[PDB]
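In structure tokens, one chain follows: the form deposited in one PDB entry.
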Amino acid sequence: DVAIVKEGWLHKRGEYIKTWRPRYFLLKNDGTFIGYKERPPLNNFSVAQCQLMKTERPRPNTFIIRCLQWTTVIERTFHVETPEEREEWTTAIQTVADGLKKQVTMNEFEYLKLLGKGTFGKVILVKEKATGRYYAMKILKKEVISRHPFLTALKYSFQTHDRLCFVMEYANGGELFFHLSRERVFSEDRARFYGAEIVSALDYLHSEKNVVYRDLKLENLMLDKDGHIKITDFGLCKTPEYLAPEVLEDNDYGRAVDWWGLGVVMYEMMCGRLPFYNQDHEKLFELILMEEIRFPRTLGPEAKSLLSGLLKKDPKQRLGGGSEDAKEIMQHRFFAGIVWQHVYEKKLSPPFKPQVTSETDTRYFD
């Protein structure tokens, strides 16, 4: 019993590519907004509680859909030729979101250092004075508008007169990218450990939160004191190496995006090098799409078959792209002999203990 409010052609600026491309967009009553390469539901495509901008720069008659998703502000910009069509779309979208909607101080946190800076806000490392704990704080411009073992938990959320703050857990066992850099390669077991905890997390986001992480890379993986994995959520509205082929063409991305990303991350750990690397970005784009995956000829076939299935070009042919989603990967030979309920319960003994005295140890901040 879901109806379409409006439907038509629009010029969409690529979310990852700076050029304009024509896509066929559909606006359903539930608040879904999906574009297609040609005329033929993850919460990523939701237009629920989004802002609508009307700009004339660079291209005239351009409108932007500013959305706050969890703790990250996203922008979706579109172009139409006639100024009246922009009015027909904006009034339609707004009425949908409107109809869809109807149906602690900062004084406890010492500013330690700046972690990042974006268009609508910053990320700062802070210390909770009362407990001496270390958290990351997303502060976002107010004008813009439950917990998993391996996700950086959102602990607090409060407002000021002009900005909106999100206090999130900050792992103190260092970043996984640097850890890989010291060892320069990871054992199959260690990579299996790390991959497993991610699979559990991706399953959570997909099956329960109904969302795609969409930016799974080495730079977003950290370790807690014990050695378990924390997937970070520190993105602001500011890398072509990790991009999926489906995201490249800007057509119908889905849960498979996270599975492509997983393959790339697990490749770097067991191979020690990026699967598709080139200084030239344009050659790297042709590399991802056209070139066939290569291997060091020193890996167990299980891992080789896992990465092969994860780094296939077609999202539906790609491992975990089907309806079963994560379970396709959980049943894999490389993940045979692993009890997954124990993975979620942190029952898995970490192959690496970060050199940390306690939760509050500040060694890995150098």
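Residues carry their position along the shown sequence, with the first being 1. The term rigid core refers to the maximal set of C-alpha atoms that superpose within 1.5 Å between the two forms.
- Compared with other entries of the same protein, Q103 falls in the group left without coordinates by at least a third of them, where both flanks are modelled.
- In the other compared entries of this protein that model both flanking residues, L248 has coordinates in every one, well short of a third left out.
- Where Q103 is followed by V104 in the displayed chain, the model omits 10 or more of the deposited residues that sit between the two.
- Coordinates are lacking for 10 or more deposited residues between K238 and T239.
- The stretch with the higher mean CA B factor, choosing between 293-301 and 321-329, is 293-301.
- Just going by the entry, 129-137 versus 272-280 on mean CA temperature factor gives the higher value to 272-280.
- When the C-alpha B factors of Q94, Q159, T72, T119 are read from the deposited coordinates, the top value falls at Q94.
- Per the PDB entry, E183 shows the highest C-alpha temperature factor of the residues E169, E208, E219, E183.
- In this PDB entry, the Cα temperature factor of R39 sits in the top third of its chain's modelled residues, the highest group.
- Among all modelled residues in this chain, the alpha-carbon of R59 has a temperature factor (C-alpha) in the highest third.
- Sort the chain's modelled residues by C-alpha temperature factor and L348 lands in the highest third, per the entry.
- The PDB entry assigns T82 a C-alpha temperature factor belonging to the highest third of its chain's modelled residues.
- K316: CA B factor in the highest third of modelled residues in this chain (values from the PDB entry).
Below, we refer to the form deposited in another entry, which is not included among the displayed structures.
- Of the residues checked (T119, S207, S187, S181), the rigid-core alignment between this form and the one not shown shows a Cα shift of at least 2 Å for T119 alone.
- After superposing the rigid core, the C-alpha of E345 moves by less than 2 Å between this form and the one not shown.
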